[PDB]
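Shown next as structure tokens: one chain only, the form deposited in one PDB entry.
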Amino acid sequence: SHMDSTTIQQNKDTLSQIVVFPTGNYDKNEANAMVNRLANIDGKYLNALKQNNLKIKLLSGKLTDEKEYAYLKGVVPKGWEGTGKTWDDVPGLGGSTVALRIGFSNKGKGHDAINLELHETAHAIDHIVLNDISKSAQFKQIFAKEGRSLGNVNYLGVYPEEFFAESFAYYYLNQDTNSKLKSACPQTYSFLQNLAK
């Protein structure tokens, strides 16, 4: 804990080669803050994303106003049936790509994650780096036991890919969320610790 500056330096170096900033207007300080939070992710994962030419696209407006996500206009996200909401209303996505609306990091800004950028980037790490580890037999057993223990039982507790992404965000956001994950989901915590060891 005496050389965190070096890990941040390396991870921000990596992120400067992954993050793409948008045309048009946004809060530059908040975009910088999002990158700073991403810099807590283990550098091995960040460098694996970089090798795969994954770009983390920060957006100045709605997700579906980007040409590459216009196919989601009017579409209801998985698990959002009955809400009257669509992807037009959702500030981030992760998987084969990552796209994130600047300013919408905190829980409740159109999404349910503890932190937008960490949750969405976790989806990309799951898919691109870890070969869909959230669907592995090992993770299935952990999810069967612990998958409701971050709440949102009808969403996180039903979709292992979402429980993986949310647990990853708790692990990496700050010391408080990291400790909360250890207490609530000890096997998931140990699983994530060992992946990065």
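If you superpose the two forms and keep the largest set of C-alpha atoms that fall within 1.5 Å, you have the rigid core. Throughout, we count residues from 1 along the sequence that is shown.
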Do the CA atoms of 67-75 or those of 102-110 have the higher mean B-factor in the entry? 67-75
Look over 1-9 and 187-195 in the entry and identify the one with the greater average Cα temperature factor. 1-9
Taking the Cα B-factors listed in the entry, which of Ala31, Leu150, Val129, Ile56 comes out highest? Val129
Chain-relative C-alpha B factor for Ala165 (record values, thirds): the lowest
Would you please rank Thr121 by its C-alpha temperature factor against the other modelled residues of its chain and give the third it falls in: lowest, middle or highest? lowest
Third assignment of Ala144 from its chain's C-alpha B-factors: highest
Lowest, middle or highest third - CA B-factor, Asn178: lowest
Select lowest, middle or highest to describe the third in which the CA B-factor of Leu46 falls within its chain in this entry. lowest
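This protein has a second form, the form deposited in another entry, left out of what is shown; the following refers to that one.
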When the two forms are laid on each other by their rigid core, does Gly110 show a Cα shift of 2 Å or more between the shown form and the other one? no
Superposing on the rigid core, is the Cα displacement of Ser96 between the shown form and the other one 2 Å or more? no
